[PDB]
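First up is the structure itself, then whatever we jot down about it.
What's counted below: heavy atoms across the whole structure, side chains too, no hydrogens, waters or symmetry copies. Letters A, B, ... are given to chains in the order of the sequence lines, protein chains preceding strands, and every chain is numbered from 1. Note that ligands are numbered from 1 as they come in the structure, with each ligand's atoms numbered from 1 the same way.
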Amino acid sequence: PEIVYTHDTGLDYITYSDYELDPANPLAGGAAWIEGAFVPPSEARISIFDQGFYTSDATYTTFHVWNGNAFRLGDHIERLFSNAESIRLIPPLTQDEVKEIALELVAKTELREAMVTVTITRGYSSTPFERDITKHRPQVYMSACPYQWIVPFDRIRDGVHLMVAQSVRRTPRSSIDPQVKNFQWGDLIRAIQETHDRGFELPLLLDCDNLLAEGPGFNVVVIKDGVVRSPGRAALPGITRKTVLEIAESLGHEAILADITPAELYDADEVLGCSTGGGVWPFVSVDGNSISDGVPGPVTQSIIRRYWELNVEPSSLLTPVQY
Amino acid sequence: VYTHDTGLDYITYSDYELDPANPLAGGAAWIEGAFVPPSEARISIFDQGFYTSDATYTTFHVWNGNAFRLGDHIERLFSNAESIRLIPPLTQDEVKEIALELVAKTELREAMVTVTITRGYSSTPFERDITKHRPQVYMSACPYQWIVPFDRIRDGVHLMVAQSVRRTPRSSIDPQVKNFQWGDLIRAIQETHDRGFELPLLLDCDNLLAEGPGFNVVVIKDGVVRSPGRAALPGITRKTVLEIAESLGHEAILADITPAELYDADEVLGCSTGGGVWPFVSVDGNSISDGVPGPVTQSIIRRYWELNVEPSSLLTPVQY
Ligand SMILES: Cc1ncc(COP(=O)(O)O)c(C=O)c1O
Ligand SMILES: Cc1ncc(COP(=O)(O)O)c(C=O)c1O
């Protein structure tokens with residue numbers, strides 16, 4: 001269908017920019033960068049012989065732009081180059097080059113509120129058993145699309161009903177490491193499918209030890225007696241998570257990575273979720289069991305509000321897109 | 001390169017030449033209804049097949065103009081699709097017809113054909129409305145690919161048991177559903193670079209034999225032929241190896257196999273659509289028996305290649 005790039009959010013702390021996309025611009029509202037070319041979404045295609053597809057031999061990051069400012073761009077590209085190195089990928093561009101191109105890509109979409117995926121793959125120039133690393137030709141692929149909300153505005157305000165998956169667990173670090181962001185979502189998709197079977201909105205997975213892990217596209221945070229905790233092991237080192245723990249410490253709470261049991265999840269004062277794709281939101285029940293009184297808690301509410309302020313308040317967290 | 005002189009009496013390419021006028025000669029893909037050359041075989045980065053690897057596939061081969069075990073391959077593909085709740089947008093008959101025609105267009109008498117079914121680009125992962133899903137089929141046919149060279153089919157291969165990674169459990173990403181999610185397989189390949197071995201074998205979370213990147217392992221001991229039952233793709237080559245083993249009068253079974261049984265084996269071998277059957281003559285530098293290929297493996301290897309040329313229901317002729 002047609003492109004939807006702004007909304008009236010029911011929420012005083014989230015406001016889209018007031019502007020119009022130019023219909024003569026074939027990149028307006030969405031675009032990719034593929035092998036040196038800025039192209040429209042319908043032409044955003046990669047080789048089926050790229051190992052990024054047939055062996056998912058790839059890592060990526062996803063950042064966002066809000067009111068014409070990219071949020072924590074440095075952290076994101078640094079995390080991306082760290083993940084590349086963890087899987088022995090040498091990026092074909094420097095971090096600076098990648099920032100320059102991603103920011104120009106956003107600019108060409110004219111999008112003031114955007115999500116930008118930067119992906120690095122092993123390439124199509126070699127195959128998986130290639131010993132000679134000089135034969136590997138890694139690729140960079142980028143997309144900039146309208147901002148996407150994992151949970152709608154009304155659930156950011158009223159909260160989401162969480163489900164702990166029983167039919168599947170998060171892939172162990174000794175197989176496919178969740179700390180390296182990747183497209184290998186077999187377990188995460190099974191979890192989604194289980195939410196369909198059980199009638200819930202979002203799943204959280206446990207790890208091999210039955211400790212909280214993460215969900216598809218989000219980290220979970222658990223608050224108890226003024227201590228703010230988030231899973232340290234089987235979870236992506238989220239940049240939203242990092243922000244949430246910084247805000248928590250600002251509010252005077254102990255904020256740490258930790259192992260969290262399911263009993264501690266059920267017994268929490270407050271539970272929330274976070275991600276670049278939607279910000280921060282409350283989880284007000286788990287498996288149909290209320291967290292406290294089943295409405296978003298006050299700590300969660302101040303975290304959410306503060307996260308959105310950090311998206312507009314001038315600071316080193318914000319990098320202006322040159323439209 | 002689409003032919004070789006193999007130096008092996010039981011492996012022989014066809015004698016022919018590709019027509020250079022034909023832009024699909026020697027390799028091609030089938031993408032969204034179109035037969036295209038390799039260079040134009042691209043898919044949408046908004047296909048969930050890419051960004052969530054929401055996809056399954058199979059790879060069958062063609063030898064001397066015949067597809068080998070095509071029925072088994074497409075049955076496995078459709079079972080794997082059903083396992084991840086994928087409704088293929090084509091029937092098994094249709095996939096076979098398109099795939100055989102793809103091969104015909106490449107003129108390849110020896111080839112590997114990948115058939116992939118993805119969740120598509122018309123929806124995103126959280127879409128609850130399954131009628132919105134629009135799965136895509138992508139196919140490719142390229143020259144036959146050898147996981148191990150001809151001289152090592154003859155002489156045998158030096159195996160390594162991966163210690164820095166294990167095979168993904170069935171409770172996360174099921175190895176019995178053929179998939180592109182090779183993060184662990186790639187790590188194992190990298191560990192073989194580090195430790196100086198040719199191929200890796202992975203263990204499962206219980207430390208029992210799993211499989212390797214692109215191959216099943218088979219362990220032979222006191223006349224009994226065994227292959228890992230759990231953390232392993234149900235290979236079509238594996239199936240053939242066990243049928244061959246039975247025909248030779250050996251007990252042939254899937255089982256749980258320990259590392260001690262691997263080192264203590266009479267014979268070990270590997271198998272794959274991408275290269276047939278080959279010997280593993282050492283593990284972690286320790287000889288399997290006398291460190292040369294064993295007679296059971298050699299018999300199985302030869303019979304496998306025989307099954308690739310003797311007329312039977314195992315072979316489907318491509319109409320070039
Ligand atoms: C599996 C998973 N966990 C967590 C996150 C959130 O991380 P970040 O806050 O850096 O977006 C994502 C984002 O896509 C994800 O895919
Ligand atoms: C992980 C894995 N195991 C086993 C096999 C062997 O399966 P088959 O004999 O059906 O080709 C493959 C083939 O690609 C594979 O990728």
Ring geometry between A:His64 and A:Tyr147 (parallel below 30°, tilted from 30 to 60°, perpendicular above 60°): perpendicular
Mutual orientation of the aromatic rings belonging to B:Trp146 and B:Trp63 [parallel < 30°, tilted 30-60°, perpendicular > 60°]: perpendicular
Would you mind writing out a table of all protein N or O atoms found under 3.5 Å from any N or O atom of ligand 1, naming both atoms and giving the distance to 0.1 Å?
residue: ligand 1; atom: 3 (N); partner: A:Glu214; partner atom: OE1; Å: 2.7
residue: ligand 1; atom: 9 (O); partner: A:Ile239; partner atom: N; Å: 3.3
residue: ligand 1; atom: 9 (O); partner: A:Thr240; partner atom: N; Å: 2.9
residue: ligand 1; atom: 9 (O); partner: A:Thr240; partner atom: OG1; Å: 2.7
residue: ligand 1; atom: 10 (O); partner: A:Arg79; partner atom: NH1; Å: 2.7
residue: ligand 1; atom: 10 (O); partner: A:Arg79; partner atom: NH2; Å: 3.3
residue: ligand 1; atom: 10 (O); partner: A:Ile239; partner atom: N; Å: 2.7
residue: ligand 1; atom: 11 (O); partner: A:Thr276; partner atom: N; Å: 3.1
residue: ligand 1; atom: 11 (O); partner: A:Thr276; partner atom: OG1; Å: 2.7
residue: ligand 1; atom: 14 (O); partner: A:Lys181; partner atom: NZ; Å: 2.5
residue: ligand 1; atom: 16 (O); partner: A:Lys181; partner atom: NZ; Å: 3.4

A:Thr61 side chain reached by A:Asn83 side chain, heavy atoms, under 4.5 Å: no
Set of residues satisfying ring pair (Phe, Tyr, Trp, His ring centres under 6.0 Å) with respect to B:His73, sequence neighbours excluded: none
Atom CD of B:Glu82 with >12 non-hydrogen neighbours under 6.0 angstrom: no
Test ring pair (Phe, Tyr, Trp, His ring centres under 6.0 Å) applied to B:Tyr304 and B:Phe68, B:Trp278, B:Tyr10, the passing residue: B:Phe68
